[PDB]
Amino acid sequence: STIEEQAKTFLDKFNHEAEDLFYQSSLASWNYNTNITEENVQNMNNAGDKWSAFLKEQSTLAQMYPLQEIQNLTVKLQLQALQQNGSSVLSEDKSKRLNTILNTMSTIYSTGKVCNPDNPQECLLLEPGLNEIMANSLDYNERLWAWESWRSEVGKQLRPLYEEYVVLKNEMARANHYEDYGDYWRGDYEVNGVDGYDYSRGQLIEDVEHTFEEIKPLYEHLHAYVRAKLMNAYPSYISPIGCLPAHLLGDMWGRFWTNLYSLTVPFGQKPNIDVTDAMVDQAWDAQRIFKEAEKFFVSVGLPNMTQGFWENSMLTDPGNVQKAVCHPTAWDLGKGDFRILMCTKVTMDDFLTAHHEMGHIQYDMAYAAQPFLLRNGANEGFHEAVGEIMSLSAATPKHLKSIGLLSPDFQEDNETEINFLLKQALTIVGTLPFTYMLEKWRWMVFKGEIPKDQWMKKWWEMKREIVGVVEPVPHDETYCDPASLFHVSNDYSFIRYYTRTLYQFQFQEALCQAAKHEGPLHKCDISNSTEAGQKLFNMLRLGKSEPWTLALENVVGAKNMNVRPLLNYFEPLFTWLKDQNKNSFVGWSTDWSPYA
């Protein structure tokens, strides 16, 4: 018998034992997340410990089937996922060390707090304290104090630990046969040995960089519009030709520009469409919301929720009985058991979230027939892209009319649509240069292309250059400003937010194409289109068994990340922004700073 057919026998035994053990951990974790008690903490950790230990042994066993000898790529993929080594390549002194660095950085961040310089008793945490300032304050000096205190008090602590983290992480990556920790993260996109669908880790840097080049016109025009509006709100503080000060962007980092809407709304007299009141008038509850989401998926040819979904989900806060963890989450426990955990409220926001979350469930259900280790999004950006396109369709006025939350005699005017697209872009478009630039700095730091005595120098050079944002006060190399953001100090890769964003509009454009939608892309509702449902499903059911380049090609007819659908969605805003900026500078000079 060949090594391949030995490997398939080993995988048969792995799958049967894995599915039941993962399920028990999923149950314990469910019980904690829906009923917080010390006892359920213990169960959850016991079951998670057993699961982890089982995966460690199976990884050891799978090491005996060398990939060379496997032709079947469905088998190679499962074995690949099992024989990954991660931190086990490290010595146990180094491995224990890096875990300490990780846990210290995480606790330094979540416990970081800053105090009034005058009163050492009035102190704030990032959440809710500082965030609330950075989201609502119109006072330049107070926004500045919160922006600077966070980075000097938490960031300076993180700086020595992050330098050590880079060394160890890079060592791990090399011992796993990657060039460095960044190359390690780009592995999520790698495809080898599938002719005409391969994709190298380095190609991600170039495809991100080439697609960013095409977003620059739209970004620059958004920037110039926001900049002019911000000069009104902060009169003496902003140059019409320079970068935006980093502390005026509506959150602690400028990750999104969402909270600039109040300062930049194009047509302040036109209220946005919010069906919350209508839902309350019509006596909707959480059940009705999720029934409506279920109707939406069936209308495109997808299955109903399972009987178990309705019996086992937690769709409302249990309140006086139990304490629950209320983050909306779509759970795939295995063994046909799909659930949603959500403390639903009767709002338009939660109506849209339910569609999002139920889209995760649809993905999960469609690829349950794949072998255990292949039940996942085709890469790290797919799941959230599937969830987001569900909100798009479900929030359009066309859709809300159809379900009786907008009156049959309601009409969208030019100005409301521009308000909507502007708001959309502050969140969606504004984060793209932020996300690209941050990850580029990390990729370069991991590659050793930025020496330690230039970390903050190059960080703020790239902020000014790529993002159009300038530090309000100078920062030397005792700062570690990138680590002042959760994802950096907590060791999560970041380019996923860029790739997923482009994916979601690629998906929507193709699905709306299939539904024969007419008019601007941002107005499309795919409901009642089984041609769109089938196109989605052809990708959903793949899970992780195919190259993500192929899974993408199933939906959109091409193999590449592509920003044109995003630009299409925003075209009415682009042209409008171009008209607004006709008497403005478009672009920025890196030379200006608030402290020069």
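What we label the rigid core is the largest C-alpha set whose atoms superpose within 1.5 Å from one form to the other. Numbering starts at 1 and follows the sequence shown.
Taking 388-396 and 485-493 in turn, the stretch whose Cα atoms are more displaced from the shown form in 5 other deposited structures of this protein following rigid core superposition is 388-396. With every structure aligned by its rigid core, 281-289 is the stretch of 146-154 and 281-289 whose CA positions lie farther away in 5 other deposited structures of this protein.
Two stretches are in play, 122-130 and 477-485, and the higher mean C-alpha B-factor belongs to 122-130. In this entry, the higher average B-factor at the C-alpha atoms falls on 512-520, of the pair 512-520 and 177-185. Per the PDB record, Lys401 has a higher Cα B-factor than any other of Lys401, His356, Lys229, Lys345. The PDB entry assigns its highest CA temperature factor, among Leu204, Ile428, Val469, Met365, to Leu204. The PDB entry assigns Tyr65 a C-alpha temperature factor belonging to the highest third of its chain's modelled residues.
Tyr197 sits in the highest third of its chain by CA B factor, as recorded in the PDB entry.
For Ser545, the recorded CA temperature factor ranks within the middle third of the chain's modelled residues. Remark: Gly336 belongs to the lowest third of its chain, ranked by C-alpha B-factor as recorded. Among the modelled residues of its chain, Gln534 has a C-alpha B-factor that falls in the middle third, as given in the PDB entry.
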